[PDB]
Amino acid sequence: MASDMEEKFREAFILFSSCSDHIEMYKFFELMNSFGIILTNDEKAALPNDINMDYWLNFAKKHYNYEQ
């Protein structure tokens with residue numbers, strides 16, 4: 001389900017951010033790739049410097065491939 005996935009997204013943010021309010025950019029790349037999300041270079045360059053859980057949840061709901 002989508003709710004199932006949102007809980008997976010949340011727990012993964014906690015893991016990849018080491019329990020922090022903001023995730024380092026290179027760890028954000030690891031986090032998104034762990035869910036199959038591949039950004040283009042200039043999409044990466046457009047990410048804001050400060051990435052919190054709500055940013056990641058909105059991002060993951062937009063980019064995740066629910067077919068796979």
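Here the Cβ positions follow ideal geometry from the backbone for every residue, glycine too, while neighbour counts run over all protein chains shown. Coordinate-derived values only; no laboratory data.
Remarks
- Residue exposure proxy: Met1, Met53, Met25, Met32, ordered by other Cβ atoms within 10 angstrom of their Cβ from fewest to most, comes out as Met1, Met25, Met53, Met32.
- Pairs of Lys residues in segment 2-63, spaced 8 or more positions apart or belonging to different chains, with C-alpha separations under 16 angstrom: 4 in total.
- Converting phi to 3J(HN,Hα) with the Karplus coefficients 6.51, -1.76 and 1.60 and the offset θ = phi - 60°, segment 51-68 yields 10, 9, 4, 5, 4, 5, 5, 5, 4, 5, 5, 6, 9, 5, 8, 6, 5, 7 Hz in sequence order, with x at every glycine or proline.
- Sorted largest first, extent of the chain alpha carbons per principal axis (Å): 31, 27, 16
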